[PDB]
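Taking it in order: structure first as structure tokens, then the write-up.
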């Protein structure tokens, strides 16, 4: 029945490598792009 | 039931390192920034 | 003696996970309510009708 | 056919006794883990105590005392090591199911919020159903058009 | 103020946290924007009804 | 007067304490400012009522 909880993990988008890599890389995109945003306005 | 009091500690923002570090560093920011405030007006 | 104290300690941890398993089993009942929410989607459609 | 609408209210009402059980059930997972944490804190303490024994054991040229004192600490540090490994193992599982319970909580609040919005639309649907009754009165208005014609007769 | 005094990580984490909350804030706005049309619609219906 | 005569710590602590009380004072002002609008509003209602 705990393995059935995992069936819910796959039912929802599971942590697939590219998705999480994309989400991870997206976080890099979000943080890196935002990193310059604040650094520029204060200048 | 004392461990359930701790469940209240986590329910509220617990003393997470960065939060308390930020709050601690914020105290340094507050004290250090204010430190010069009084030192300047009396001059 | 060392076996029993570890046996009893793990049992409580074992049951602790079992209680967590029940929650994993109980979240299925509300997922069953999500089926009632699907049955709510059933009369969401009659609502849409 | 029991109105399945009442099931939505009745069924979701049971979750109150349900997720709290997970809220209470997971608590044990934490009590055991931190209870183990203190036990390791005691195991490292006595293992540290053994170092205190081995700390002065060698002093004044007493090699055997430190050799035995350390050989004893390693056995206790093995106990201390085991607890840390078990505690480190627990750290991930407690952080995981707790993350689950967090999401298992997010679903209900959104589930209950949408239910009320869902029923809110349902009440709007009843009005759409009730405007049909007056449209049924428009049929009586057509039947009024029926004796509007006899009125015209 | 996270970045102030040369503390980059605090702002990086602080913003990464805001995006998660802004995602919650974004979701509510999208839901609210969705509701805006439906409330304006059925209200227009009730006006005609 | 904490800083007077070269006593830095007293002022540092004294201010760190005031900020906590000013936080209490700040909170009341924010609550009071919040109340200002609501009291002015319902009072305007009661005027119209």
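Residue numbers (the entry's author numbering), protein chains in the order written: chain D, 175 to 217; chain V, 175 to 217; chain I, 126 to 174; chain N, 22 to 174; chain S, 77 to 125; chain k, 77 to 125. Beta carbons are placed, not taken as given, at the ideal position from N, Cα and C, and that holds for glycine.
Between the segment 27 to 47 of chain N and the segment 108 to 128 of chain N, the count of Cβ pairs shorter than 8 Å is three or higher; the stretches touch. Taking the beta carbon of residue 51 of chain N as reference, the chain V residues within 8 Å of it are 177, 180, 181, listed in sequence order. Cβ proximity to chain D below 7 Å picks out 87, 88, 91, 92, 95 from the segment 81 to 97 of chain S. Taking 7 Å as the cut-off, the Cβ atoms of residue 158 of chain I and residue 32 of chain N count as close. Rounded to whole angstroms, the separation of the alpha carbons of residue 27 of chain N and residue 204 of chain V is 56 Å. The C-beta of residue 125 of chain S comes closer than 7 Å to at least one C-beta of chain N. For residue 90 of chain k, the enclosing alpha helix (DSSP H) covers residues 84 to 124. Annotation: the continuous alpha helix (DSSP H) that includes residue 41 of chain N extends over 25 to 78. Annotation: Cβ neighbours of residue 204 of chain D in chain S (cutoff 9 Å, chain order): 91, 92, 95. For residue 118 of chain S, a Cβ of chain N is located within less than 7 Å of the residue's own Cβ. For residue 122 of chain S, there are no neighbours in chain D by C-beta distance under 9 Å, as the nearest C-beta there is about 39 Å away.
Against chain I, a Cβ distance below 8 Å from residue 142 of chain N picks out 169, 172. Within the model, the alpha-carbon separation for residue 213 of chain V versus residue 84 of chain S is close to 29 Å. By the CB criterion at 7 Å, residue 97 of chain N and residue 68 of chain N fall inside the cutoff.
Residue nearest to residue 49 of chain N within the set I:126, I:131, I:142, I:172 is I:142 (criterion: CA-CA distance).
With respect to residue 104 of chain N, residue 59 of chain N sits apart: the two C-beta atoms are not nearer than 7 Å. Rounded to whole angstroms, the gap between the alpha carbons of residue 108 of chain S and residue 102 of chain S is 10 Å. The C-alpha of residue 149 of chain I is placed about 7 Å away from the C-alpha of residue 176 of chain D. Close partners of residue 192 of chain V in chain S (Cβ separation under 8 Å): 86, 89.
Taking 8 Å as the cut-off between beta carbons, the residues of the segment 149 to 165 of chain I near chain N are 149, 151, 152, 154, 155, 157, 158, 159, 161, 162, 164, 165, in sequence order. The contact set of residue 201 of chain V on chain k, defined by CB atoms closer than 8 Å, consists of 92 in chain order. When rounded, the separation of the alpha-carbon atoms in residue 191 of chain D and residue 106 of chain S is 29 Å. Each residue's CA atom was taken as its position, placing residue 89 of chain S and residue 207 of chain V some 23 Å apart. For residue 188 of chain V, there is no enclosing alpha helix (DSSP H), as DSSP gives it neither H nor E. Against chain S, a Cβ distance below 7 Å from residue 145 of chain N picks out 118. Going by DSSP, residue 147 of chain I is part of the alpha helix (DSSP H) stretching over 127 to 173. In this structure, residue 118 of chain N sits near residue 145 of chain I, with a CB-CB distance shorter than 7 Å.
For residue 79 of chain k, the residues of chain V that pass the 7 Å Cβ criterion are 212, in the order they occur in the chain. Proximity of chain N to residue 138 of chain I at the Cβ level (cut-off 7 Å) is accounted for by 53, in chain order.
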